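Listing of structure-v8.pdb, PDB, C-alpha atoms and all ligand atoms
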```
ATOM      1  CA  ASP E   7       0.000   0.000   0.000
ATOM      2  CA  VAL E   8       3.069   2.270   0.031
ATOM      3  CA  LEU E   9       5.465   3.009  -2.847
ATOM      4  CA  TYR E  10       8.974   4.104  -1.837
ATOM      5  CA  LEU E  11      10.167   6.499  -4.610
ATOM      6  CA  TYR E  12      13.723   7.787  -4.706
ATOM      7  CA  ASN E  13      14.312  10.517  -7.313
ATOM      8  CA  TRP E  14      15.803  13.994  -7.937
ATOM      9  CA  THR E  15      14.071  16.801  -6.057
ATOM     10  CA  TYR E  16      10.974  17.950  -7.956
ATOM     11  CA  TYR E  17      11.670  15.524 -10.878
ATOM     12  CA  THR E  18       8.457  13.584 -10.303
ATOM     13  CA  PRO E  19       5.780  16.371 -10.248
ATOM     14  CA  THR E  20       3.865  16.114  -6.941
ATOM     15  CA  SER E  21       0.684  16.618  -8.983
ATOM     16  CA  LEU E  22       1.305  13.259 -10.650
ATOM     17  CA  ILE E  23       2.163  11.621  -7.314
ATOM     18  CA  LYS E  24      -1.165  12.770  -5.783
ATOM     19  CA  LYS E  25      -2.999  11.288  -8.792
ATOM     20  CA  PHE E  26      -1.295   7.904  -8.463
ATOM     21  CA  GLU E  27      -2.117   8.047  -4.760
ATOM     22  CA  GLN E  28      -5.766   8.869  -5.409
ATOM     23  CA  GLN E  29      -6.119   6.349  -8.260
ATOM     24  CA  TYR E  30      -4.615   3.342  -6.460
ATOM     25  CA  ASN E  31      -5.442   4.297  -2.832
ATOM     26  CA  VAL E  32      -1.753   4.104  -1.977
ATOM     27  CA  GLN E  33       0.823   6.574  -0.658
ATOM     28  CA  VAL E  34       4.259   7.456  -2.033
ATOM     29  CA  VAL E  35       7.301   8.018   0.186
ATOM     30  CA  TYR E  36       9.335  10.269  -2.155
ATOM     31  CA  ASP E  37      12.870  10.674  -0.829
ATOM     32  CA  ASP E  38      14.888  13.103  -2.966
ATOM     33  CA  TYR E  39      18.596  13.195  -3.808
ATOM     34  CA  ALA E  40      20.844  15.889  -5.214
ATOM     35  CA  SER E  41      23.105  13.644  -7.353
ATOM     36  CA  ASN E  42      23.422  10.111  -8.748
ATOM     37  CA  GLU E  43      26.482   9.652  -6.523
ATOM     38  CA  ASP E  44      24.223  10.221  -3.508
ATOM     39  CA  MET E  45      21.464   7.950  -4.884
ATOM     40  CA  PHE E  46      24.070   5.313  -5.644
ATOM     41  CA  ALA E  47      25.348   5.482  -2.053
ATOM     42  CA  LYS E  48      21.961   4.576  -0.601
ATOM     43  CA  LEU E  49      21.629   1.692  -3.062
ATOM     44  CA  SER E  50      25.216   0.461  -2.567
ATOM     45  CA  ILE E  51      25.812  -3.178  -1.640
ATOM     46  CA  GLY E  52      23.350  -4.301  -0.914
ATOM     47  CA  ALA E  53      19.790  -3.020  -0.424
ATOM     48  CA  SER E  54      18.057   0.291   0.259
ATOM     49  CA  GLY E  55      14.332   0.108   1.000
ATOM     50  CA  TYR E  56      13.255   1.679  -2.313
ATOM     51  CA  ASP E  57      10.947   0.331  -5.000
ATOM     52  CA  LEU E  58      11.924   2.818  -7.719
ATOM     53  CA  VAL E  59      15.039   4.902  -8.383
ATOM     54  CA  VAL E  60      15.857   7.145 -11.372
ATOM     55  CA  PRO E  61      19.534   6.846 -12.545
ATOM     56  CA  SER E  62      21.154   8.333 -15.661
ATOM     57  CA  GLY E  63      22.377   6.035 -18.462
ATOM     58  CA  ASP E  64      25.933   5.822 -17.191
ATOM     59  CA  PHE E  65      24.637   4.877 -13.726
ATOM     60  CA  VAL E  66      22.262   2.252 -15.147
ATOM     61  CA  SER E  67      25.262   0.544 -16.788
ATOM     62  CA  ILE E  68      27.441   0.855 -13.634
ATOM     63  CA  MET E  69      24.639  -0.544 -11.459
ATOM     64  CA  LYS E  70      23.908  -3.459 -13.805
ATOM     65  CA  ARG E  71      27.547  -4.632 -13.588
ATOM     66  CA  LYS E  72      27.521  -4.266  -9.796
ATOM     67  CA  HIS E  73      24.244  -6.253  -9.799
ATOM     68  CA  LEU E  74      22.285  -3.561  -7.967
ATOM     69  CA  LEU E  75      19.093  -3.679 -10.035
ATOM     70  CA  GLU E  76      16.199  -6.126 -10.475
ATOM     71  CA  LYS E  77      14.804  -7.373 -13.772
ATOM     72  CA  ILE E  78      11.655  -5.533 -14.823
ATOM     73  CA  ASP E  79       8.527  -7.422 -15.917
ATOM     74  CA  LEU E  80       7.508  -5.464 -18.975
ATOM     75  CA  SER E  81       4.178  -7.309 -19.201
ATOM     76  CA  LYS E  82       3.153  -5.147 -16.223
ATOM     77  CA  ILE E  83       4.114  -1.988 -18.112
ATOM     78  CA  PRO E  84       2.139  -2.118 -21.379
ATOM     79  CA  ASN E  85       2.673   1.676 -21.828
ATOM     80  CA  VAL E  86       6.326   0.851 -22.600
ATOM     81  CA  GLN E  87       4.858   0.704 -26.134
ATOM     82  CA  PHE E  88       4.920   4.533 -26.101
ATOM     83  CA  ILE E  89       8.739   4.622 -26.028
ATOM     84  CA  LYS E  90       9.884   6.030 -29.401
ATOM     85  CA  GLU E  91      11.853   3.638 -31.629
ATOM     86  CA  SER E  92      14.635   6.243 -31.956
ATOM     87  CA  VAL E  93      15.148   6.178 -28.207
ATOM     88  CA  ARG E  94      15.174   2.356 -28.081
ATOM     89  CA  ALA E  95      18.120   2.434 -30.522
ATOM     90  CA  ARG E  96      20.223   4.856 -28.384
ATOM     91  CA  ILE E  97      19.826   3.107 -25.012
ATOM     92  CA  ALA E  98      22.673   0.601 -25.503
ATOM     93  CA  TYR E  99      23.267   0.254 -21.714
ATOM     94  CA  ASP E 100      19.928  -1.678 -21.529
ATOM     95  CA  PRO E 101      18.411  -1.930 -25.050
ATOM     96  CA  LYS E 102      15.578  -4.337 -24.183
ATOM     97  CA  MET E 103      14.698  -2.402 -20.988
ATOM     98  CA  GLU E 104      15.441  -5.460 -18.877
ATOM     99  CA  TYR E 105      16.637  -3.431 -15.884
ATOM    100  CA  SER E 106      15.472   0.079 -16.802
ATOM    101  CA  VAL E 107      12.672   2.022 -18.471
ATOM    102  CA  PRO E 108      13.342   5.494 -19.903
ATOM    103  CA  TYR E 109      12.040   8.408 -17.818
ATOM    104  CA  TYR E 110      13.307  11.404 -19.812
ATOM    105  CA  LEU E 111      16.005  12.285 -22.361
ATOM    106  CA  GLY E 112      17.318  15.856 -22.604
ATOM    107  CA  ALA E 113      20.523  17.854 -22.566
ATOM    108  CA  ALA E 114      22.125  20.719 -20.738
ATOM    109  CA  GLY E 115      22.818  23.719 -22.890
ATOM    110  CA  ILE E 116      23.654  27.408 -22.670
ATOM    111  CA  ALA E 117      21.488  30.385 -21.780
ATOM    112  CA  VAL E 118      22.551  33.779 -23.122
ATOM    113  CA  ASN E 119      21.168  37.121 -21.949
ATOM    114  CA  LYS E 120      20.541  38.674 -25.409
ATOM    115  CA  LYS E 121      20.261  42.239 -24.146
ATOM    116  CA  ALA E 122      23.661  41.969 -22.422
ATOM    117  CA  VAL E 123      25.312  39.926 -25.203
ATOM    118  CA  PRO E 124      23.842  41.050 -28.559
ATOM    119  CA  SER E 125      26.427  39.194 -30.713
ATOM    120  CA  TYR E 126      27.520  35.580 -30.093
ATOM    121  CA  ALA E 127      28.007  32.255 -31.837
ATOM    122  CA  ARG E 128      25.818  29.434 -30.519
ATOM    123  CA  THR E 129      28.743  27.216 -29.521
ATOM    124  CA  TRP E 130      30.686  26.067 -26.431
ATOM    125  CA  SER E 131      33.510  28.411 -27.383
ATOM    126  CA  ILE E 132      31.289  31.160 -25.934
ATOM    127  CA  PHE E 133      33.059  30.338 -22.669
ATOM    128  CA  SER E 134      36.398  31.488 -24.100
ATOM    129  CA  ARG E 135      35.043  35.060 -24.531
ATOM    130  CA  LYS E 136      37.322  37.362 -22.522
ATOM    131  CA  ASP E 137      34.836  40.257 -22.910
ATOM    132  CA  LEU E 138      32.375  38.255 -20.757
ATOM    133  CA  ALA E 139      34.976  37.199 -18.170
ATOM    134  CA  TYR E 140      33.609  36.836 -14.612
ATOM    135  CA  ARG E 141      30.048  37.013 -15.921
ATOM    136  CA  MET E 142      29.771  33.344 -16.904
ATOM    137  CA  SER E 143      29.462  29.963 -15.212
ATOM    138  CA  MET E 144      29.748  26.366 -16.271
ATOM    139  CA  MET E 145      28.142  23.437 -14.478
ATOM    140  CA  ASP E 146      29.751  21.789 -11.439
ATOM    141  CA  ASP E 147      29.602  18.452 -13.190
ATOM    142  CA  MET E 148      32.605  16.512 -14.528
ATOM    143  CA  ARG E 149      30.900  14.564 -17.327
ATOM    144  CA  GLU E 150      29.034  17.682 -18.573
ATOM    145  CA  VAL E 151      32.074  19.963 -18.625
ATOM    146  CA  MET E 152      34.588  17.392 -19.901
ATOM    147  CA  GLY E 153      31.889  16.257 -22.347
ATOM    148  CA  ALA E 154      31.396  19.753 -23.765
ATOM    149  CA  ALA E 155      35.178  20.124 -24.147
ATOM    150  CA  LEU E 156      35.475  16.691 -25.789
ATOM    151  CA  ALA E 157      32.542  17.492 -28.108
ATOM    152  CA  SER E 158      34.119  20.841 -29.125
ATOM    153  CA  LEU E 159      37.402  19.040 -29.945
ATOM    154  CA  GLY E 160      35.550  16.504 -32.142
ATOM    155  CA  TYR E 161      36.074  13.738 -29.609
ATOM    156  CA  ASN E 162      33.530  11.321 -28.168
ATOM    157  CA  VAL E 163      32.004  12.691 -24.944
ATOM    158  CA  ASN E 164      32.646   9.155 -23.650
ATOM    159  CA  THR E 165      36.176   8.774 -25.021
ATOM    160  CA  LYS E 166      38.632   6.480 -23.288
ATOM    161  CA  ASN E 167      41.593   7.959 -25.182
ATOM    162  CA  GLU E 168      43.999   9.499 -22.680
ATOM    163  CA  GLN E 169      45.462  12.226 -24.915
ATOM    164  CA  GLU E 170      41.941  13.342 -25.889
ATOM    165  CA  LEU E 171      41.059  13.757 -22.198
ATOM    166  CA  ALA E 172      44.239  15.713 -21.462
ATOM    167  CA  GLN E 173      43.444  17.945 -24.455
ATOM    168  CA  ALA E 174      39.913  18.500 -23.114
ATOM    169  CA  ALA E 175      41.322  19.303 -19.655
ATOM    170  CA  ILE E 176      43.660  21.932 -21.130
ATOM    171  CA  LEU E 177      40.733  23.452 -23.054
ATOM    172  CA  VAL E 178      38.628  23.840 -19.861
ATOM    173  CA  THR E 179      41.550  24.948 -17.660
ATOM    174  CA  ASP E 180      43.314  27.281 -20.062
ATOM    175  CA  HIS E 181      40.472  28.598 -22.240
ATOM    176  CA  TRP E 182      37.143  28.444 -20.385
ATOM    177  CA  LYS E 183      37.857  28.381 -16.641
ATOM    178  CA  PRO E 184      39.735  31.755 -16.650
ATOM    179  CA  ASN E 185      36.518  33.492 -17.787
ATOM    180  CA  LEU E 186      34.243  31.818 -15.231
ATOM    181  CA  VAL E 187      33.042  33.136 -11.863
ATOM    182  CA  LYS E 188      32.862  29.499 -10.826
ATOM    183  CA  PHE E 189      31.497  26.089 -11.625
ATOM    184  CA  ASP E 190      27.888  26.047 -10.476
ATOM    185  CA  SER E 191      25.057  23.514 -10.753
ATOM    186  CA  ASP E 192      22.642  25.114  -8.219
ATOM    187  CA  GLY E 193      22.927  28.912  -8.196
ATOM    188  CA  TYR E 194      23.431  29.601 -11.914
ATOM    189  CA  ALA E 195      19.739  30.089 -12.731
ATOM    190  CA  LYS E 196      19.280  32.669  -9.959
ATOM    191  CA  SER E 197      22.545  34.389 -10.862
ATOM    192  CA  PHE E 198      21.443  34.373 -14.475
ATOM    193  CA  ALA E 199      18.079  35.915 -13.445
ATOM    194  CA  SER E 200      19.765  38.795 -11.561
ATOM    195  CA  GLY E 201      22.089  39.619 -14.480
ATOM    196  CA  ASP E 202      25.143  38.444 -12.519
ATOM    197  CA  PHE E 203      25.874  35.754 -15.102
ATOM    198  CA  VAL E 204      25.099  36.762 -18.688
ATOM    199  CA  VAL E 205      25.963  33.375 -20.182
ATOM    200  CA  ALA E 206      25.577  30.157 -18.217
ATOM    201  CA  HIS E 207      25.777  26.414 -18.763
ATOM    202  CA  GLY E 208      22.713  24.558 -17.417
ATOM    203  CA  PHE E 209      19.212  23.185 -17.805
ATOM    204  CA  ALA E 210      16.565  25.130 -19.680
ATOM    205  CA  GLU E 211      13.887  24.308 -17.100
ATOM    206  CA  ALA E 212      15.974  26.022 -14.366
ATOM    207  CA  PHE E 213      16.721  29.224 -16.331
ATOM    208  CA  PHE E 214      13.092  29.624 -17.297
ATOM    209  CA  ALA E 215      11.578  28.679 -13.909
ATOM    210  CA  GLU E 216      13.840  31.210 -12.234
ATOM    211  CA  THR E 217      13.386  34.183 -14.592
ATOM    212  CA  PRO E 218      10.054  36.065 -14.712
ATOM    213  CA  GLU E 219       7.965  35.195 -17.791
ATOM    214  CA  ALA E 220       8.169  38.851 -18.899
ATOM    215  CA  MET E 221      11.924  38.455 -19.365
ATOM    216  CA  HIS E 222      11.902  35.128 -21.254
ATOM    217  CA  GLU E 223      12.020  36.825 -24.692
ATOM    218  CA  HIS E 224      15.483  38.110 -23.774
ATOM    219  CA  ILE E 225      16.870  34.619 -23.179
ATOM    220  CA  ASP E 226      18.395  32.478 -25.880
ATOM    221  CA  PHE E 227      18.786  28.976 -24.577
ATOM    222  CA  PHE E 228      20.419  26.550 -27.006
ATOM    223  CA  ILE E 229      22.154  23.209 -27.033
ATOM    224  CA  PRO E 230      25.131  23.725 -29.398
ATOM    225  CA  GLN E 231      24.317  22.008 -32.720
ATOM    226  CA  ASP E 232      27.682  22.213 -34.539
ATOM    227  CA  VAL E 233      29.154  19.434 -32.347
ATOM    228  CA  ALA E 234      27.951  16.224 -30.649
ATOM    229  CA  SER E 235      27.097  17.878 -27.322
ATOM    230  CA  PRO E 236      26.516  15.652 -24.278
ATOM    231  CA  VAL E 237      22.967  14.308 -23.906
ATOM    232  CA  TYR E 238      21.490  12.437 -20.876
ATOM    233  CA  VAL E 239      18.863   9.732 -20.428
ATOM    234  CA  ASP E 240      17.276   9.136 -16.983
ATOM    235  CA  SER E 241      15.370   5.827 -16.347
ATOM    236  CA  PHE E 242      13.160   4.062 -13.837
ATOM    237  CA  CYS E 243      14.951   1.161 -12.211
ATOM    238  CA  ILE E 244      13.843  -1.267  -9.538
ATOM    239  CA  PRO E 245      16.456  -1.463  -6.729
ATOM    240  CA  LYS E 246      17.635  -4.878  -5.513
ATOM    241  CA  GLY E 247      15.438  -5.920  -2.582
ATOM    242  CA  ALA E 248      12.382  -3.855  -3.615
ATOM    243  CA  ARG E 249       9.473  -4.774  -1.300
ATOM    244  CA  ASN E 250       6.674  -3.598  -3.605
ATOM    245  CA  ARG E 251       7.482  -4.579  -7.206
ATOM    246  CA  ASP E 252       3.767  -4.486  -8.105
ATOM    247  CA  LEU E 253       3.457  -0.791  -7.245
ATOM    248  CA  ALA E 254       6.849  -0.053  -8.818
ATOM    249  CA  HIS E 255       5.678  -1.386 -12.188
ATOM    250  CA  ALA E 256       2.280   0.283 -11.784
ATOM    251  CA  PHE E 257       3.893   3.635 -11.259
ATOM    252  CA  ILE E 258       6.140   3.360 -14.328
ATOM    253  CA  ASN E 259       3.054   2.305 -16.279
ATOM    254  CA  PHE E 260       1.103   5.295 -14.813
ATOM    255  CA  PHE E 261       3.890   7.798 -15.570
ATOM    256  CA  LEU E 262       3.979   6.656 -19.207
ATOM    257  CA  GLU E 263       0.225   7.205 -19.667
ATOM    258  CA  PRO E 264       0.116   9.873 -22.470
ATOM    259  CA  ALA E 265      -1.728  12.581 -20.512
ATOM    260  CA  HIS E 266       0.319  11.933 -17.369
ATOM    261  CA  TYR E 267       3.597  11.946 -19.289
ATOM    262  CA  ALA E 268       2.519  15.162 -21.006
ATOM    263  CA  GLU E 269       1.781  16.682 -17.571
ATOM    264  CA  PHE E 270       5.335  15.697 -16.584
ATOM    265  CA  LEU E 271       6.842  17.375 -19.666
ATOM    266  CA  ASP E 272       4.725  20.515 -19.292
ATOM    267  CA  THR E 273       5.891  20.910 -15.690
ATOM    268  CA  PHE E 274       9.400  21.684 -17.012
ATOM    269  CA  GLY E 275       8.905  22.854 -20.621
ATOM    270  CA  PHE E 276      10.329  19.585 -21.942
ATOM    271  CA  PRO E 277       9.701  18.277 -25.467
ATOM    272  CA  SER E 278       8.452  14.737 -25.892
ATOM    273  CA  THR E 279      11.874  13.194 -26.597
ATOM    274  CA  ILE E 280      10.949   9.613 -25.596
ATOM    275  CA  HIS E 281       7.179   9.323 -25.866
ATOM    276  CA  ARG E 282       5.272   8.902 -29.107
ATOM    277  CA  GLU E 283       1.893  10.156 -27.856
ATOM    278  CA  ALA E 284       2.640  12.750 -25.207
ATOM    279  CA  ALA E 285       3.254  15.816 -27.428
ATOM    280  CA  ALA E 286      -0.414  15.714 -28.599
ATOM    281  CA  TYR E 287      -1.499  16.031 -24.968
ATOM    282  CA  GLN E 288       0.891  18.823 -23.964
ATOM    283  CA  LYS E 289      -0.262  22.322 -23.007
ATOM    284  CA  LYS E 290       3.228  23.859 -22.907
ATOM    285  CA  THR E 291       5.519  24.894 -25.787
ATOM    286  CA  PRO E 292       8.901  23.221 -25.059
ATOM    287  CA  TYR E 293      12.047  25.275 -24.277
ATOM    288  CA  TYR E 294      13.914  23.178 -26.811
ATOM    289  CA  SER E 295      12.710  20.695 -29.463
ATOM    290  CA  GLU E 296      13.380  16.949 -29.555
ATOM    291  CA  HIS E 297      15.257  17.519 -32.800
ATOM    292  CA  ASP E 298      17.848  19.492 -30.769
ATOM    293  CA  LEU E 299      18.927  16.201 -29.197
ATOM    294  CA  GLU E 300      19.573  14.271 -32.412
ATOM    295  CA  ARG E 301      23.165  15.396 -33.139
ATOM    296  CA  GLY E 302      24.257  15.040 -29.513
ATOM    297  CA  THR E 303      25.977  12.112 -27.811
ATOM    298  CA  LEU E 304      24.387  10.164 -24.964
ATOM    299  CA  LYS E 305      26.653  10.101 -21.888
ATOM    300  CA  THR E 306      27.558   6.523 -21.128
ATOM    301  CA  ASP E 307      29.534   4.452 -18.696
ATOM    302  CA  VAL E 308      33.240   4.926 -19.509
ATOM    303  CA  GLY E 309      34.416   2.163 -17.127
ATOM    304  CA  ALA E 310      38.002   2.520 -15.899
ATOM    305  CA  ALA E 311      38.428   5.491 -18.234
ATOM    306  CA  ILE E 312      36.827   7.212 -15.245
ATOM    307  CA  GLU E 313      40.112   7.444 -13.330
ATOM    308  CA  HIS E 314      41.505   9.754 -16.020
ATOM    309  CA  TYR E 315      38.340  11.851 -15.998
ATOM    310  CA  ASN E 316      38.595  12.135 -12.191
ATOM    311  CA  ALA E 317      42.267  13.141 -12.232
ATOM    312  CA  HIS E 318      41.768  15.874 -14.801
ATOM    313  CA  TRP E 319      38.536  17.108 -13.213
ATOM    314  CA  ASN E 320      39.805  17.391  -9.619
ATOM    315  CA  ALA E 321      42.568  19.635 -11.017
ATOM    316  CA  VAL E 322      40.110  21.744 -13.064
ATOM    317  CA  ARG E 323      37.693  21.935 -10.151
ATOM    318  CA  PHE E 324      39.900  22.417  -7.059
ATOM    319  CA  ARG E 325      42.946  24.268  -8.431
TER     320      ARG E 325
HETATM  321 CL    CL O 401      20.460   5.710   4.955
HETATM  322 CL    CL O 402      34.120  36.785 -10.086
HETATM  323 CL    CL O 403      13.959  23.340 -12.182
HETATM  324 CL    CL O 404      16.432  37.948 -18.083
HETATM  325 CL    CL O 405      45.172  11.040 -15.900
END
```

Will you turn the file into structure tokens for me?
Ligand SMILES: [Cl-]
Ligand SMILES: [Cl-]
Ligand SMILES: [Cl-]
Ligand SMILES: [Cl-]
Ligand SMILES: [Cl-]
Amino acid sequence: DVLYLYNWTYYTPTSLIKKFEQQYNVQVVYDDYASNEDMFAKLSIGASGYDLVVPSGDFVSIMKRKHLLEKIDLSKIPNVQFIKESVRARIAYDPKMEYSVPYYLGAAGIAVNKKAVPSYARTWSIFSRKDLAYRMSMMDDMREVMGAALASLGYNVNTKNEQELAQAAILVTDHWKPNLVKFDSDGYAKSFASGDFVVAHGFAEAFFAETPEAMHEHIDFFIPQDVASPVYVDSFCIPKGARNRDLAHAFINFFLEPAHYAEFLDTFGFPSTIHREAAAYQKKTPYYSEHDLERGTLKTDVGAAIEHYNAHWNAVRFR
């Protein structure tokens, strides 16, 4: 009678949770987390108490190899038929959805204050602009920042090549970092709203939630299209030891109902990247289109190649 949901703060719209609660006469314990590292920690060897968790594609692959996830019974999730074919092809960490079901696919991008920066190219190299120095931020995320640098240099955002990573590190350290106030994943949208940052790396839903609607026309948010910018996919997974698998499946099935998925997308101004029905049911014009995610590269599990990422990033981030 209770579903234990573990997800990013606000990521499951409470409005949808109430509906699932009213429909099934159940209650949802929704514990939030601020990162997949933190989520992972609760689900570490061996068993949290959760029925559902929402990891990104790299963390689905990591958690499969560490045997942290339970097989999903797709017969209990008929609405899995709404998952676009194009998405099915990209989810190589779990292509048959045996351990995961897609929740959302999007990408971080760049917001530019068009009144403060009238001329700019719509590219990552915007962070090398010395005329905007100390009025920009990039995200406090290693895979996003390294990924953007790798993308810009024509390298795979998931590369395992050591000289490509060093090259990316030099790009961030020597070309972008000197122009940044800081790396910031939580204050950038507010600082962008005040005018403190005039260009910032981040999520469209944050920039637009945080800036009054009156001032939206002055924002150009874009995911750079001239390179294979990093893209993410988040998924429902059932943690090892889940006590209520029946409600876990029922919730994934509920979330993927066209009107209920559309209500999810509309909450954040998301396009229907994964769902073949939901766009018809949406009330909100998306902040970016699904076609903006085509050229980009899905962030994946890099395996050991992580040690090189870590070593370069800790230097970028703490020096
Ligand atoms: Cl705990
Ligand atoms: Cl500063
Ligand atoms: Cl937000
Ligand atoms: Cl503004
Ligand atoms: Cl290294």

Residue IDs satisfying the PyMOL selection byres (((not hetatm)) within 9 of (chain O and resi 402)), as an MDAnalysis selection string: chainID E and resid 139:142 185:188

Answer key for the PyMOL selection byres (((chain E and resi 159-163) around 9) and not hetatm), residues as a PyMOL selection string: chain E and resi 149-150+152-158+164-166+170-171+173-174+177+233-236+303-306

Length of the atom CA of residue E:297 to atom CA of residue E:131 vector [Å]: 21.9 Å

Target residues per the PyMOL selection byres (((not hetatm)) within 8 of (chain O and resi 404)), formatted as a ChimeraX atom specification: /E:119,198-201,217-218,221-222,224-225

Nearby polymer residues, ligand CL 405 (chain O), at most 9 Å, all atoms listed in the file, as a PyMOL selection string: chain E and resi 168+171-172+313-318

Separation of atom CA of residue E:264 from atom CA of residue E:283 in Å: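 Separation between atom CA of residue E:283 and atom CA of residue E:264: 5.7 Å.
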
Could you list the protein, DNA and RNA residues that have any atom within 10 Å of ligand CL 403 (chain O), counting all atoms listed in the file, and write them as a compact mmCIF listing (two decimals) with C-alpha atoms, keeping the file's coordinate frame?
```txt
# COMPACT_ATOMS: atom_id res chain seq x y z
CA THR E 15 14.07 16.80 -6.06
CA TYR E 16 10.97 17.95 -7.96
CA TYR E 17 11.67 15.52 -10.88
CA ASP E 192 22.64 25.11 -8.22
CA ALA E 195 19.74 30.09 -12.73
CA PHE E 209 19.21 23.18 -17.80
CA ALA E 210 16.57 25.13 -19.68
CA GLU E 211 13.89 24.31 -17.10
CA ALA E 212 15.97 26.02 -14.37
CA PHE E 213 16.72 29.22 -16.33
CA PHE E 214 13.09 29.62 -17.30
CA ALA E 215 11.58 28.68 -13.91
CA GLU E 216 13.84 31.21 -12.23
CA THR E 273 5.89 20.91 -15.69
CA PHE E 274 9.40 21.68 -17.01
CA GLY E 275 8.90 22.85 -20.62
```

How close does chain E get to ligand CL 401 (chain O)? List, as JSON lines, each residue of chain E within 12 Å, its nearest atom pair and the distance in Å to one decimal, counting only C-alpha atoms and all ligand atoms.
```
{"residue": "E:12", "atom": "CA", "partner": "O:CL401", "partner_atom": "CL", "distance": 12.0}
{"residue": "E:37", "atom": "CA", "partner": "O:CL401", "partner_atom": "CL", "distance": 10.8}
{"residue": "E:39", "atom": "CA", "partner": "O:CL401", "partner_atom": "CL", "distance": 11.7}
{"residue": "E:44", "atom": "CA", "partner": "O:CL401", "partner_atom": "CL", "distance": 10.3}
{"residue": "E:45", "atom": "CA", "partner": "O:CL401", "partner_atom": "CL", "distance": 10.1}
{"residue": "E:46", "atom": "CA", "partner": "O:CL401", "partner_atom": "CL", "distance": 11.2}
{"residue": "E:47", "atom": "CA", "partner": "O:CL401", "partner_atom": "CL", "distance": 8.5}
{"residue": "E:48", "atom": "CA", "partner": "O:CL401", "partner_atom": "CL", "distance": 5.9}
{"residue": "E:49", "atom": "CA", "partner": "O:CL401", "partner_atom": "CL", "distance": 9.0}
{"residue": "E:50", "atom": "CA", "partner": "O:CL401", "partner_atom": "CL", "distance": 10.3}
{"residue": "E:52", "atom": "CA", "partner": "O:CL401", "partner_atom": "CL", "distance": 12.0}
{"residue": "E:53", "atom": "CA", "partner": "O:CL401", "partner_atom": "CL", "distance": 10.3}
{"residue": "E:54", "atom": "CA", "partner": "O:CL401", "partner_atom": "CL", "distance": 7.6}
{"residue": "E:55", "atom": "CA", "partner": "O:CL401", "partner_atom": "CL", "distance": 9.2}
{"residue": "E:56", "atom": "CA", "partner": "O:CL401", "partner_atom": "CL", "distance": 11.0}
```

Residue with smallest distance to residue E:239 - pool E:260, E:110, E:276, E:267, counting only C-alpha atoms: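 Closest residue, counting only C-alpha atoms: E:110.
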
Spatial neighbours of residue E:35, 8 Å, all atoms listed in the file, chain gap at least 2 places, as a ChimeraX atom specification: /E:8-11,33,37

Selection: 12 Å around stretch 79-96 of chain E, all atoms listed in the file, excl. self and same-chain fewer than 5 positions, as a VMD selection string: chain E and resid 63 101 to 112 237 to 244 251 to 267 278 to 285 296 to 297 299 to 306

Atom pair atom CA of residue E:137 / atom CA of residue E:180: separation (Å):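 Going from atom CA of residue E:137 over to atom CA of residue E:180 covers 15.8 Å.
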
Selected residue, from E:69, E:51, E:78, E:113, that lies nearest to residue E:277 when counting only C-alpha atoms: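 Nearest candidate to residue E:277 out of E:69, E:51, E:78, E:113: E:113.
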
Please put the answer as lines of an AutoDock Vina configuration file: centre and edge lengths, in Å with one decimal, of a box along x, y and z that encloses all listed atoms of stretch 273-290 of chain E plus 3 Å on each side.
```
center_x = 5.2
center_y = 16.4
center_z = -22.4
size_x = 19.4
size_y = 21.0
size_z = 19.4
```

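Closest approach to residue E:136 among E:7, E:226, E:189, E:183 is made by E:183 (distances from all atoms listed in the file).
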
Hey, could you patch up stretch 138-144 of chain E with N, CA, C and O atoms and hand it over as a compact mmCIF listing (two decimals), keeping the file's coordinate frame?
```
# COMPACT_ATOMS: atom_id res chain seq x y z
N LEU E 138 33.41 38.70 -21.70
CA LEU E 138 32.38 38.26 -20.76
C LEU E 138 32.97 37.64 -19.49
O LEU E 138 32.25 37.06 -18.67
N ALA E 139 34.29 37.79 -19.31
CA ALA E 139 34.98 37.20 -18.17
C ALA E 139 34.37 37.64 -16.84
O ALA E 139 34.02 38.82 -16.65
N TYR E 140 34.22 36.66 -15.94
CA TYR E 140 33.61 36.84 -14.61
C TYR E 140 32.14 37.23 -14.69
O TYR E 140 31.60 37.88 -13.79
N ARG E 141 31.49 36.86 -15.79
CA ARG E 141 30.05 37.01 -15.92
C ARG E 141 29.46 35.75 -16.53
O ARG E 141 28.39 35.78 -17.10
N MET E 142 30.19 34.64 -16.39
CA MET E 142 29.77 33.34 -16.90
C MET E 142 29.99 32.26 -15.86
O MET E 142 30.83 32.40 -14.98
N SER E 143 29.21 31.18 -15.97
CA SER E 143 29.46 29.96 -15.21
C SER E 143 29.31 28.74 -16.11
O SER E 143 28.64 28.78 -17.15
N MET E 144 30.00 27.66 -15.71
CA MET E 144 29.75 26.37 -16.27
C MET E 144 29.27 25.48 -15.14
O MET E 144 29.40 25.85 -13.96
```
